[PDB]
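Enquirer: The structure that follows is given in the form of structure tokens.
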Number of protein chains: 2
Amino acid sequence: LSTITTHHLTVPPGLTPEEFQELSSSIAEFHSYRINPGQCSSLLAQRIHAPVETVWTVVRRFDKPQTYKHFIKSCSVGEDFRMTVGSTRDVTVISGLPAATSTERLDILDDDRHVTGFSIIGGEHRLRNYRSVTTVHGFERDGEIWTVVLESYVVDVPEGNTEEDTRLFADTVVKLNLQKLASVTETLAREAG
Amino acid sequence: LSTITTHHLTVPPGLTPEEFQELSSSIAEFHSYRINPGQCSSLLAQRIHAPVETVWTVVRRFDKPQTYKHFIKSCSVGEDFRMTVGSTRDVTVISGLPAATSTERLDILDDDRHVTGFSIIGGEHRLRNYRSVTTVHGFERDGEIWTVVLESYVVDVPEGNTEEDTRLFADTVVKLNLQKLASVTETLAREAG
Ligand SMILES: COc1cc(/C=C/C(=O)N[C@@H](Cc2ccccc2)C(=O)O)ccc1O
Ligand SMILES: COc1cc(/C=C/C(=O)N[C@@H](Cc2ccccc2)C(=O)O)ccc1O
């Protein structure tokens, strides 16, 4: 039958137990999925030495994912684009396969709570029915500030793939992109503006 | 007909004109290929704030490419392995496709000149007949030291791929792995040993 993900019940890679205790309710609220056989789901975390709003300024830009994500040749949103839920983008993917475009829909965008997410709704690639949520969270300790970004997804496991290799793949990509996010926004922080 | 690559005649991404002028002869010697229609070739560079021998200690470890390369699930060399030209490794690749192993042969290993290279000799993936060379080079300016790593390859362009997308893919992967090499060996340098 279907089941609920348990991301909110264990400490994910990249997070401390202290940070987890502060985020458990957010993980439950935004990073929970009902998951069916044949799907995989994961939660990744990344610490960033930058203020929450600096990081959020990059995370929220649905029209420019290539600012922090790897393997993007181009991203188009057309002309009428406004940052509203329901908007779509066409991402041309860099892969060893022939050309492929991923069409992606903006599912969530909450600037007050720092939540966004999207769904892959078409394209010929290996993350069919992918859906993902990213949240941004601030931390402080004796005047020092930092941010944690949480990114979770659910996706279908292709016929002939094992669950483990689909999850390893998607996890590897998400982890690399959060590392890029960390570099980009830490640079932005060092420089001000 | 066949032609020679011109990597040694222009400044590659990631290198300064001053650094190029010092390396042009090495690019000619080690990063030249005779290339046929249907193949692509590229030269990438990466500056590393670490001594040449620190970087070389990681670059030369043919049995542990996952120390600096991305998307490696495992790498096996068996039991009799000695670091000699002709040895092979089986690299299990992380991809969105079903399981695949790349069998790779060590083509060059010169510890005096800091040159190594390998050939993909089998496996079902999209870099057929890939062959690559990596060289490591030291620089100094008023007591400050740094290293440049050059990595070139030639590879077949799969039927139905464009040249541009094969090169974009292989370039993206090589560039990410050299960035990882830079982080790993800069950390090793900061810590000594
Ligand atoms: C970069 O952004 C995105 C990336 C992806 C990539 C998915 C995928 O399956 N990629 C495969 C290559 C591949 C295989 C077969 C058909 C097409 C592509 C891989 O890399 O192994 C999806 C949405 C995105 O927004
Ligand atoms: C990580 O190390 C290596 C990586 C590669 C990857 C090659 C390749 O074509 N990868 C594809 C995915 C893919 C597609 C179809 C069949 C198998 C795989 C991609 O990612 O789009 C080769 C040698 C290596 O040593």
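Note on naming: chains are A, B, ... as they come in the structure tokens, residues start from 1 per chain, ligands start from 1 in the order shown.
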Within 12 Å of stretch 90-93 of chain A, counting only C-alpha atoms, which residues qualify if same-chain residues fewer than 2 places away don't, as a VMD selection string?

Expert: (chain A and resid 62 to 66 69 to 78 87 to 88 95 to 106 119 to 127) or (chain B and resid 165 to 166 168 to 169 172)

Enquirer: Show which residues sit within 9 Å of stretch 175-181 of chain A, as a ChimeraX atom specification. Count only C-alpha atoms, and ignore same-chain residues fewer than 5 positions away.

Expert: /A:44-48,55,58-59,67-70,149,151,170,186

Enquirer: Taking C-alpha atoms for each residue, export the selection above as a JSON list (two decimals), in the first residue's frame.

Expert:
```
[["chain", "number", "residue", "atom", "x", "y", "z"],
["A", 44, "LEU", "CA", 19.21, 16.35, 1.86],
["A", 45, "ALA", "CA", 20.59, 19.22, 3.88],
["A", 46, "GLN", "CA", 23.30, 21.83, 3.42],
["A", 47, "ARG", "CA", 24.78, 24.32, 5.86],
["A", 48, "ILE", "CA", 25.57, 27.75, 4.40],
["A", 55, "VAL", "CA", 20.29, 32.38, 0.32],
["A", 58, "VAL", "CA", 18.90, 32.74, -5.01],
["A", 59, "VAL", "CA", 16.67, 29.74, -4.09],
["A", 67, "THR", "CA", 22.48, 30.09, -10.98],
["A", 68, "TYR", "CA", 23.05, 27.20, -8.57],
["A", 69, "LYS", "CA", 22.24, 23.96, -10.40],
["A", 70, "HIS", "CA", 24.63, 21.83, -12.48],
["A", 149, "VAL", "CA", 18.75, 24.54, 3.26],
["A", 151, "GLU", "CA", 15.71, 19.81, -0.17],
["A", 170, "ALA", "CA", 19.03, 11.93, -7.52],
["A", 186, "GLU", "CA", 28.56, 32.55, 0.56]]
```

Enquirer: Let's see if you can do this: from backbone DSSP, list all helix (DSSP H, G or I) residues in stretch 6-176 of chain A, as a PyMOL selection string.

Expert: chain A and resi 7-9+17-30+52-59+65-67+163-176

Enquirer: Can you pull out every residue within 12 Å of residue B:138, counting only C-alpha atoms, but drop anything in the same chain fewer than 6 positions away, and send it as a list in words?

Expert: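 Answer for this query is residues 19, 22, 23, 47, 48, 49, 50, 51, 52, 53, 54, 55, 56, 113, 114, 144, 145, 146, 147, 148, 149 and 150 of chain B.
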
Enquirer: Hey, which of A:161, A:43, A:109, A:1 ends up closest to ligand 2? Count only C-alpha atoms and all ligand atoms.

Expert: A:161

Enquirer: Given the choices B:108, B:136, B:155, B:94, which gets closest to ligand 1 if the distance is worked out from only C-alpha atoms and all ligand atoms?

Expert: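 Among the listed residues, the smallest separation from ligand 1 belongs to B:94.
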
Enquirer: Looking at only C-alpha atoms and all ligand atoms, which of A:6, A:110, A:162, A:173 is the one that sits closest to ligand 2?

Expert: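 Nearest candidate to ligand 2 out of A:6, A:110, A:162, A:173: A:173.
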
Enquirer: List the neighbours of residue A:9 out to 9 Å using only C-alpha atoms; skip same-chain residues closer than 2 positions along the sequence, and give me the result as a short mmCIF file (atom, residue, chain, number, x, y, z; two decimals) with N, CA, C and O atoms, in the first residue's frame.

Expert:
```cif
data_model
loop_
_atom_site.label_atom_id
_atom_site.label_comp_id
_atom_site.auth_asym_id
_atom_site.auth_seq_id
_atom_site.Cartn_x
_atom_site.Cartn_y
_atom_site.Cartn_z
N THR A 6 9.62 9.13 6.18
CA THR A 6 10.01 9.33 7.58
C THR A 6 11.17 10.31 7.71
O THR A 6 12.01 10.18 8.61
N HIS A 7 11.28 11.23 6.75
CA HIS A 7 12.39 12.17 6.77
C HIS A 7 12.38 12.98 8.05
O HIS A 7 13.42 13.48 8.45
N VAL A 11 17.87 12.17 11.42
CA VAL A 11 18.71 13.30 11.07
C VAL A 11 19.22 13.05 9.66
O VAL A 11 19.85 12.02 9.42
N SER A 24 12.44 19.87 13.00
CA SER A 24 11.67 18.65 12.81
C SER A 24 10.25 18.96 12.35
O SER A 24 9.65 18.22 11.56
N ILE A 27 10.25 19.86 8.71
CA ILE A 27 10.43 18.68 7.88
C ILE A 27 9.11 17.95 7.75
O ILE A 27 8.73 17.47 6.68
N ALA A 28 8.36 17.88 8.86
CA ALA A 28 7.08 17.21 8.82
C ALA A 28 6.10 17.94 7.91
O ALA A 28 5.38 17.30 7.12
#
```

Enquirer: Pick from A:132, A:16, A:41, A:5: nearest to ligand 1, with only C-alpha atoms and all ligand atoms counted?

Expert: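 Distance minimum relative to ligand 1 lands on A:132.
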
Enquirer: Can you list, as number ranges by chain, every residue of chain A that DSSP puts in strand (DSSP E)?

Expert: A: 3-4, 34-35, 39-48, 72-76, 88-93, 101-110, 115-122, 131-141, 144-156

Enquirer: Restricting the calculation to only C-alpha atoms and all ligand atoms, which member of B:142, B:79, B:191, B:156 is positioned closest to ligand 2?

Expert: B:156

Enquirer: Using only C-alpha atoms, which residue out of B:185, B:193, B:80, B:128 lies closest to chain A?

Expert: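 Smallest distance to chain A is found for B:128.
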